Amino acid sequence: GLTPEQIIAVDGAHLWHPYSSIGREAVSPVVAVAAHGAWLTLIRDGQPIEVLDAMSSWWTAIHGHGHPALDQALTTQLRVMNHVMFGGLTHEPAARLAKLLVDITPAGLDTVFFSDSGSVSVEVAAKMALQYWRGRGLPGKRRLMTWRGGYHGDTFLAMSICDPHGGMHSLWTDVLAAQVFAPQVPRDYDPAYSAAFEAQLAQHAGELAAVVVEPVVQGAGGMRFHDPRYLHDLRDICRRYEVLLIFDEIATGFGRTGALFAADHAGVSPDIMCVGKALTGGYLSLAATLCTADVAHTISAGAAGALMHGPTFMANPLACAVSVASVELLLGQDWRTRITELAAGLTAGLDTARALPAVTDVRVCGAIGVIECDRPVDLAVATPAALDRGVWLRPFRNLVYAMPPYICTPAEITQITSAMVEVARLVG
């Protein structure tokens, strides 16, 4: 065991944090000692304090932390079978979860490949698309196309379809696969944008295995929203030019944008889909890649005859079991009303930020609320300001944003938005 002071000492000497340095961080991490419901217990000045997890621990904790149904599902599985290899064996948690995912995802996604993180699920999606065209005798179809502003993970293939600025591709000159980038997709629908996207794809169609995009909401690359009609156009362009369509719903899945999956806003189905994050209710890392029967059969009939991927902990019973419970818990309530109330609460609470000096935009989409500023937000000013108000916020670039747990009460949303508005006040 360790005290918080001992934890800080070990951490500063031995632990890498995300996108961080060793030994030169301007803000040292805060010790978290517990998490229950929508609240984290953090150590501030040696005092344990409770604060709202306004980020849902990066979109994951949709039912909040320590939800009794999900705790119970994990403990139930632990007593029967922690894990077995998925090579030559199958089990009830994988079957139950696969059945659920094929039933609730956009129509036609009939097969499920489990992996251990979002970035791996993106690599599997890419491997499916490339092997598909190898199965059709067209191995020149091996590049990916996307639009700017995206984020798809940070393994090296996922990096290649990241936004070049968000992903700091200037640091990776001559390392990354060179993919095709269309301009940033706009918020409001403009058919000229889609016509330009189609003309650019048409030029590269013989080189392209797939278009890969985040539907409706671009998360880690800038918390930007776009009209769902653009996804309708992508589905059409890809159909006509014989390029696969991949939707990365790792951040948008499981109700977060006001539909079960963001693709449902446009009423279209991709050929391949990635899910993760909220899949397990935020308990454990699990991800999945789904594809159509056509994709699966074309891969399986090719000369390779097999999708050559298979992580050690593929379809981990513990992770699948808690995911089954998390999914069933979402589907067994009126989640659509819940998200509508959350969006209304975010809109009401963030409205006064629209008039602030340094605010360039305020936008809400489902249980997502964003304040865009005209300058970078200083973490050394924002974090104490948010903590003083009992809220854990993690701004980045010029954005103050939240994706609260679905179980947040109106008062908790008021508390979250009040902290967001104050952070934006202190920016200007």
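All residue numbers refer to positions in the sequence shown, first residue = 1.
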Residue stretch of maximal mean CA temperature factor, 389 to 397 vs 34 to 42: 389 to 397
So, looking at the entry's B-factor column for Cα atoms, which has the higher mean, 166 to 174 or 305 to 313? 166 to 174
Residue of maximum C-alpha B factor among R336, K141, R148, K127, per deposited coordinates: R336
Whose C-alpha has the highest temperature factor in the PDB entry: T352, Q131, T90, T252? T352
If you rank the chain by CA B-factor, which third does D116 end up in: lowest, middle or highest? lowest
Lowest, middle or highest third - CA B-factor, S194: middle
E123 - Cα temperature factor, lowest/middle/highest third of chain: lowest
Chain-wide C-alpha B factor ranking for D110, given as lowest, middle or highest third: highest
Ranked by Cα temperature factor within the chain, is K277 in the lowest third, the middle third or the highest third? lowest
